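A.B. asks: let's see this in three dimensions:
(chains A, B, C, D and E)
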Amino acid sequence: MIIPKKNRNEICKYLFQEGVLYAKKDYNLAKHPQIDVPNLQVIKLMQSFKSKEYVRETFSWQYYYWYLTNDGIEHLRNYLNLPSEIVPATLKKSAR
Amino acid sequence: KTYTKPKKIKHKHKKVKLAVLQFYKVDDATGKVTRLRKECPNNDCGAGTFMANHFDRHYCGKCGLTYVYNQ
Amino acid sequence: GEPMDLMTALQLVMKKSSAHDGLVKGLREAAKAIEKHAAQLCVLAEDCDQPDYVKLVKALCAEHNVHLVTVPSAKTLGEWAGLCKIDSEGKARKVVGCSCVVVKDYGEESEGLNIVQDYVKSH
Amino acid sequence: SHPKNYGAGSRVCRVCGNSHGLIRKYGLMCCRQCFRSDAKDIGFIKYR
Amino acid sequence: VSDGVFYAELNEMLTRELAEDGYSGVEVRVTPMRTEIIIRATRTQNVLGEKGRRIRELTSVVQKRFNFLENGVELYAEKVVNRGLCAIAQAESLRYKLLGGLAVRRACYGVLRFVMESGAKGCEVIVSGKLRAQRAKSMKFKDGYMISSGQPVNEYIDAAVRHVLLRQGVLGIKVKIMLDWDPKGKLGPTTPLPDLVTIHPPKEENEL
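C.D. replies: Numbers count the residues shown, from 1 in each chain, chains lettered A, B, ... in the order given. Below you will find the coordinate block:
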């Protein structure tokens, strides 16, 4: 989607505590319970994650029912990476 | 009739432009740099906003309509 | 613990702040970071098209918030960083730039962080 | 990016995209027939 | 009146959640400040599974949507006290034969082949038309009694729906069961109830 990463970071936090959230298919309401991000953005952000795995896919009345997988949690541990020093070799030489 | 339209519009583009942050005045050894084009005094910017030079009108593109300095 | 090891205070410095999501990429964004207290490190290319842009950033690095690092060509530098998208097991990618980086966060202290910064300030 | 607004009037449910609709049940009154069969309203329990 | 609207919204929660849902039924009793919310399924084991994360995902969401108090609630596993009476699994089992196939008519028979086994006295399974992707001509199969409609209120009627999406045609369904009365004894078949005593040399005699 064409939605910045700043609004994505919010969603992630509530998905670690839960991992199922819902949001009625009615656009422009501005806020969900919890997530303070519009109903255009959040619903379609879930869709983007959903298509890339992360989620077991059931439709069912007017919400689109997303249930995170174990793999899902790990995938979301790249947005909020874990406690944020995550390891391997990203610089290119000292100064000197 | 149905829906007819005249051509619709079809569109061009909003127009994506280079920033133009090439400008600066850079000195020789002891490379002090002074900054050409005025900065937004707003703390939130962390400014390098280098206000656009339009005919009797200058604004920072970060901050809305605001900071309209004609001179 | 924590002084790094022999010849590993090189590439293991920026481990921390890639994960923090805080790496300010591109020369234009990098310049505004130095025009602010935010620059804890400054990383540049060498080989460039319009290397004139790099000179502007080096002028800012001469003034307060003083750091420099190098390694050449824009696209290769982004392999280390993140805009190389995998899409095959045997490390073959589109290989897009990232290039020139200015570093926020780190939030630990010690190790490679001190070592790199000290060199530029006092040679 | 958006323009001009003003256009209050009959809201409309999620369940129905139809001008008329119900506050009581959160339905329509064709949707309601399903709910009537289900009972769903308190003190009511089918087969009349 | 307003309280009646509130009650309807609580029922709506069950309808949305237990739409498709490949488990089996949910009766709910509401204790003070907490919802018991009891799943009446064979595979009530998978949906809970204890501790994990799974169980918390189910609860929390419902609470923020609709109920009162920043608190927890409760979730209970249950067996089934006759799978007949009410379920969701009863419909889903038939669907899980209309996958890989086997004759549609044979699959219909197999559902009935159960049900009567757990008592029932009458059962009617009725499966959507369009065999061989022809025009619709819904097919029955029934043994015994069975009253959905006609006789009294308290027949204890299972009813559902489902769909099976083929290349050429939908195959609906509506499993239906008329079973016993709530297991404890309270049997009352078809509303007038006859009964005699045994034999009349009296001074003792009475019965029902």
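
A.B. asks: I'd say residue A:35 and residue A:15 touch.
C.D. replies: No. The pair residue A:35 and residue A:15 fails to qualify as a contact (Cβ atoms under 8 Å) at a distance of 10.1 Å. (C-beta placed from N, C-alpha, C; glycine too.)

A.B. asks: between the two, which one's more packed in?
C.D. replies: For residue A:35 versus residue A:15, the count of surrounding residues by other Cβ atoms under 10 Å in any protein chain shown is larger for residue A:15: 22 against 18.

A.B. asks: now do the contacts for the more buried one.
C.D. replies: A:21, A:68, A:72, A:73, A:76 (Cβ atoms under 8 Å, 6 or more residues apart in numbering or on different chains).

A.B. asks: what does stretch C:108-118 rub up against?
C.D. replies: If you take Cβ under 8 Å, 6+ apart as the criterion, stretch C:108-118 is touched by A:85, A:91, A:94-95, C:2-4, C:8-10, C:12-13, C:16, C:40-41, C:67, C:69, C:106.

A.B. asks: could you rerun that using 7 Å?
C.D. replies: The contact list for stretch C:108-118, computed with Cβ atoms under 7 Å, 6 or more residues apart in numbering or on different chains, reads A:85, A:94, A:95, C:2, C:4, C:9, C:12, C:13, C:16, C:41, C:67, C:106.

A.B. asks: just stretch C:76-90 next, same as before
C.D. replies: Stretch C:76-90 is contacted from outside by A:89-92, C:18, C:23, C:45, C:71, C:93-99, C:101, using Cβ under 7 Å, 6+ apart.

A.B. asks: ditto for stretch B:57-65
C.D. replies: B:38, B:40, B:42, B:45, B:49, B:51, B:52, B:67, B:68, B:69, B:70.

A.B. asks: contacting residues around the second one?
C.D. replies: Right, residue B:40. Here residue B:40 is in contact with B:47, B:49, B:60, B:62, B:63, B:67 (Cβ under 7 Å, 6+ apart).

A.B. asks: the chain: strands as residue ranges?
C.D. replies: Looking at chain A here, since you left the chain open. Here chain A has its strands, by DSSP state E, at A:55-58, A:65-68.

A.B. asks: that was the other one, I meant chain E.
C.D. replies: E:26-27, E:30-31, E:34-35, E:38-40, E:76-78, E:122-126, E:142-144, E:157-159, E:174-178.

A.B. asks: stretch E:82-91: how far from the chain's middle?
C.D. replies: Distance of stretch E:82-91 from its chain centroid, counting by Cα atoms, centre = their mean, to the nearest Å, is 4 Å.

A.B. asks: same check, this time on stretch A:56-70
C.D. replies: The answer for stretch A:56-70 is 14 Å, by Cα atoms, centre = their mean.

A.B. asks: mind listing what's buried in it?
C.D. replies: A:63, A:64, A:65, A:66, A:68 (16 or more other Cβ atoms under 10 Å in any protein chain shown).

A.B. asks: if we can go back for a sec, relative to residue E:152, which of the contacts of residue A:15 is nearest.
C.D. replies: Nearest to residue E:152 out of the contacts of residue A:15 is residue A:21 (Cβ to Cβ; 44.9 Å).

A.B. asks: report the contact partners of that closest one.
C.D. replies: Neighbour list for residue A:21: A:14, A:15, A:34, E:61 [criterion: Cβ under 7 Å, 6+ apart].

A.B. asks: quick check: it vs residue E:21, distance?
C.D. replies: 18 Å (Cβ to Cβ, to the nearest Å).

A.B. asks: quick one on the thing from earlier: in TSV, list the strands of chain A along with distance to chain B.
C.D. replies: Output for the strands of chain A, formatted as TSV (distance: least, Cβ to the nearest Cβ, whole Å):
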stretch	distance to chain B
strand A:55-58	34
strand A:65-68	34
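
A.B. asks: nearest to residue E:127 among those would be which one?
C.D. replies: Judging these by Cβ to Cβ, what sits closest to residue E:127 is strand A:55-58, at 23.8 Å.

A.B. asks: and chain E, is the closest one touching that?
C.D. replies: Yes. For strand A:55-58, a contact with chain E is found by Cβ under 7 Å from any Cβ of the partner chain, at residue A:58.

A.B. asks: number of nearby residues for residue A:82?
C.D. replies: The burial count for residue A:82: 11, using other Cβ under 10 Å.

A.B. asks: what's the answer for the one 3 residues further on, then?
C.D. replies: Here the count is done by other Cβ under 10 Å, and residue A:85 has 16 residues near it.

A.B. asks: pretty sure it contacts residue C:19?
C.D. replies: Yes. With contact defined as Cβ atoms under 7 Å, residue A:85 reaches residue C:19; the gap is 5.5 Å.

A.B. asks: residue C:24 touches residue C:100, doesn't it?
C.D. replies: No. Here residue C:24 lies out of contact with residue C:100, judged by Cβ under 7 Å, at a distance of 9.3 Å.

A.B. asks: spatially, what comes nearest to residue D:42 if we skip its sequence neighbours?
C.D. replies: Residue nearest to residue D:42 in three dimensions, not counting chain neighbours: residue E:7, with 4.1 Å by Cβ to Cβ, 6 or more residues apart in numbering or on different chains.

A.B. asks: so who does the residue most central in space within chain E touch?
C.D. replies: Taking Cα atoms, centre = their mean as the criterion, residue E:86 is the residue nearest the geometric centre of chain E, at 2.1 Å. For residue E:86, the contact set (Cβ under 7 Å, 6+ apart) comprises E:25, E:158.
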